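[1] experimental structure and sequence below, a few questions after.
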Amino acid sequence: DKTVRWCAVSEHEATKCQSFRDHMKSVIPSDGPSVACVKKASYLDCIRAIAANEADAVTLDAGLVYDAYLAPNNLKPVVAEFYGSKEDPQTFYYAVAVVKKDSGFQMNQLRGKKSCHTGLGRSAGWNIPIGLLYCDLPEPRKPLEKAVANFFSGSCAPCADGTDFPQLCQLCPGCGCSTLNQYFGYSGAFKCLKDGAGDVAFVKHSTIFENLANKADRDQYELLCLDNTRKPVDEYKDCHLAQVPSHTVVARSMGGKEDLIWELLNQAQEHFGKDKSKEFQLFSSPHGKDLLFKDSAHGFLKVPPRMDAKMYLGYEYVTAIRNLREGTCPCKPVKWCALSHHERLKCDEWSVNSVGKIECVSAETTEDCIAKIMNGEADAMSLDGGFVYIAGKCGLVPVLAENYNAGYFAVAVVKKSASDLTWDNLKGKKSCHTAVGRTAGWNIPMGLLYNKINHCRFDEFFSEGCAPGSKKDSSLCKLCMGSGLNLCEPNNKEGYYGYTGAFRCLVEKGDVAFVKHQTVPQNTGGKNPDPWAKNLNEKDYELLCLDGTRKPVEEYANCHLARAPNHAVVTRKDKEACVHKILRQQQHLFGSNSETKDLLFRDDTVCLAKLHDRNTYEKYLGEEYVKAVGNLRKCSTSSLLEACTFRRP
Ligand SMILES: [Fe+3]
Ligand SMILES: [Ru+3]
């Protein structure tokens, strides 16, 4: 078939679709995607048609992306319209709350202030802020305008019912729903703030830049952050009410046909997109505005495949829209994310011994669990520093640090009889890594090595190795020992995965093992009874030091590659306080005074430590760690990181 059935919501849109269908047939070969045109009465009918497999694709505003995600529709974002420019594609805008500098209040102190809105029923100006504030509104919250009129002391809410709720028009009497009103729209709401009518303007990240050319003027303004702090107006990416995708093509989550849709649209923009100047133009139409796509669009970007609608819309936006749609209002239990049947059994027991203060969700991989913390299905997990990096890039923050005694030591272990090996040159040698992306076995050693050879294709530096998480055909999977689909997997059914697995990898096959300072002592001298380790002696192994010589294993203090940031618990900023407080209550009750090895927490850890200043991944991991990880991800995978980076480069 190879047919993409596009859904139109108007007769004009169907006519353009039909033109679209006919022109693509001149540019796409026989074996290529074709266009079919389905005509429905509304966006929701298109959503339902696609879910019913009567059509396949439609482009929607953010609100309808949410509707399309809810059961029984279950559509997913697949292609994004971008704007502005090809070198700097603009896919999202940011809803922000702008205030005057030194006005002395935060997001959680908006009650009784004067508010400026773009217009009632608009996203940045109304639905997003009121959605976020919904449970702060006084009861009864229906009708919504009466509740807002009793929340702010006075407002300019263009198009509000000022006859029944005059407070909403105090700053623009009559609540004029047109440009005839000086405070209507994006520039109008900001002017409401600039002129001193209101205390806060609910606008987009760009509004202040388009109305105030001089930076000195903009320096008299600030942004309200959802964490109840303020930031300058050029830091909206760390200080907004919501991140909003402008226009998104959706498709069924299963059954697609996403690859066809992208193939179709990518070819359409190459032949009929911006500045192509054919008789057919994808981003205009002689009759009507914004048919099928926005006329201001400059092209399409493929949405990363790990992305679902909740992750695409973002936590803040989904919170606001859900409050509007559902209208439900209440620390509460901390929902821990477990990774295996063995990890879930542990926290299940933790939950019942915590008497409800702990609850348990399970996902099949670390990244899935991270996605659940981002969208609110989960709340906290403990992660290696490399995953704290991914969690941080995805908007999460470190809340507590696992303390085992300043971090643990990353060391390079070699067999003592191999006296030739030095850190100075290990090219062509066989390497053993915890897994790609982890602190001790990858980010620290391969970050340092990156500085020496100025590239990160390490399978061409080492002859072969085991680095679980590498591509199955890579030479860094050749030494691994998992069988079938398990070979080179970053989990337990790969016997060379982890701190201990990488040491075993060295004992049996490798030349160098990148692990931590306790690994060799803990799996030598009979402490590990498994046949591969049982008769090993730790004086038969040395550590490579940075200067180029070697020392014994217990001399790691003066022969390590770098100090490693300890594993940390991560959560969202809105649960940071509660997770901080509930876990210290839990370790006071069940602390150091797992059934297998290292479930939920490292068994080395004695306590969960306070972070104080270092409550962001950049400040927790440190400057050089982040730089090295930034260097290594040019060669790295991680579909989650790709999805998070798509929303924040
Ligand atoms: Fe680690
Ligand atoms: Ru007409």
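    Arrived safely. Residues are numbered from 1 along each chain as shown. Ligands and ions are numbered 1, 2, ... in the order given.

[2] now whatever residue of the stretch 251-400 of the chain ends up closest to ligand 1: how far from residue 83?
    At 3.8 Å from ligand 1, residue 384 is the closest residue in the stretch 251-400 of the chain, using Cβ to the ion. All C-beta spots, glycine's among them, are computed from the backbone N, C-alpha and C. Distance, residue 384 to residue 83, using Cβ to Cβ, to the nearest Å: 38 Å.

[3] what about those two, which has more around it?
    Neighbour tally, residue 384 and residue 83, criterion other Cβ atoms under 10 Å: the higher count belongs to residue 384, 26 against 17.

[4] related to what we said a few turns ago, my guess is the residue of the stretch 251-400 of the chain closest to ligand 1 meets residue 442, correct?
    No: counting by Cβ atoms under 8 Å, residue 384 stays clear of residue 442, with 9.7 Å between them.

[5] pick out the residue nearest the middle of this structure.
    residue 394 (2.8 Å; Cα atoms, centre = their mean).

[6] any idea how many residues pack against the nearest residue to it once chain neighbours are set aside?
    Distances taken as Cβ to Cβ, 6 or more residues apart in numbering put residue 644 closest to residue 394, at 4.1 Å, once the chain neighbours are dropped. For residue 644, the tally of surrounding residues (other Cβ under 10 Å) stands at 25.

[7] what does residue 546 give?
    The burial count for residue 546: 13, using other Cβ under 10 Å.

[8] which phi and psi does the nearest residue to it once chain neighbours are set aside have?
    The shortest distance from residue 546 to any non-neighbouring residue, by Cβ to Cβ, 6+ apart, is to residue 423 (6.1 Å). Main-chain torsions, residue 423, degrees, to the nearest 10: phi -60, psi -30.

[9] any idea how far the residue nearest to residue 394 is from residue 75?
    21 Å.

[10] secondary structure element holding the residue lying closest to residue 504 once chain neighbours are set aside?
    Excluding the flanking residues, the one nearest residue 504 by Cβ to Cβ, 6+ apart is residue 532, at 5.4 Å. Element membership for residue 532 (DSSP states H and E) is helix 531-534.

[11] now do the buried residues in that helix.
    residue 533 (16 or more other Cβ atoms under 10 Å).

[12] next structured bit after it?
    Sequence-wise, the next helix or strand downstream of helix 531-534 (DSSP H and E) is strand 541-544.

[13] circling back: how near is the residue nearest to residue 504 to residue 521?
    Counting by Cβ to Cβ, the gap from residue 532 to residue 521 is 16 Å.

[14] get me the contact residues on this protein for ligand 1.
    384, 439, 440 (Cβ under 5 Å from the ion).

[15] could I get those in CSV, plus columns for distance to residue 486 and secondary structure?
    Converted to CSV, those look like this (distance: Cβ to Cβ, whole Å; DSSP: H, G, I helix; E, B strand; the rest coil):
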residue, distance to residue 486, secondary structure
384, 20, coil
439, 23, helix
440, 22, helix
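
[16] could you report the neighbour count for residue 424?
    Neighbours around residue 424, by other Cβ under 10 Å: 11.

[17] please begin residue numbering at 45 from this point
    Okay, residue one is now 45; in that scheme the one you just asked about reads as residue 468.

[18] was I right to think it contacts residue 592?
    Yes: counting by Cβ under 8 Å, residue 468 does reach residue 592; the two are 4.2 Å apart.

[19] near whatever residue of the stretch 495-644 of the chain ends up closest to ligand 1, how many other residues are there?
    The stretch 495-644 of the chain approaches ligand 1 most closely through residue 611 (5.7 Å), counting by Cβ to the ion. By other Cβ under 10 Å, 27 other residues sit near residue 611.

[20] can you check residue 517 too?
    Residues near residue 517, counting by other Cβ under 10 Å: 9.

[21] surely it is within a strand?
    No: assigned with DSSP: H, G, I helix; E, B strand; the rest coil, residue 517 falls outside any strand and is coil.

[22] for it, what are phi and psi?
    phi -90, psi 0.

[23] residue 140 now?
    The phi/psi pair for residue 140 (degrees, to the nearest 10) is phi -130, psi 160.

[24] ok, it to ligand 1 distance?
    37 Å (Cβ to the ion, to the nearest Å).

[25] what residues are up against that residue?
    Going by Cβ atoms under 8 Å, 6 or more residues apart in numbering, residue 140 touches 168, 246-249, 251, 267-268, 277, 280, 283-285.

[26] closest to ligand 1 out of those?
    residue 283 (31.6 Å).

[27] residues in contact with the closest residue to that closest one other than its chain neighbours?
    Excluding its sequence neighbours, the residue lying closest to residue 283 (Cβ to Cβ, 6+ apart) is residue 275, at 3.8 Å. For residue 275, the contacting residues are 266, 267, 269, 282, 283, by Cβ under 8 Å, 6+ apart.

[28] now the phi/psi pair for the last one, please.
    To tie it back to what came earlier, the one meant is residue 283. Main-chain torsions, residue 283, degrees, to the nearest 10: phi -160, psi 70.
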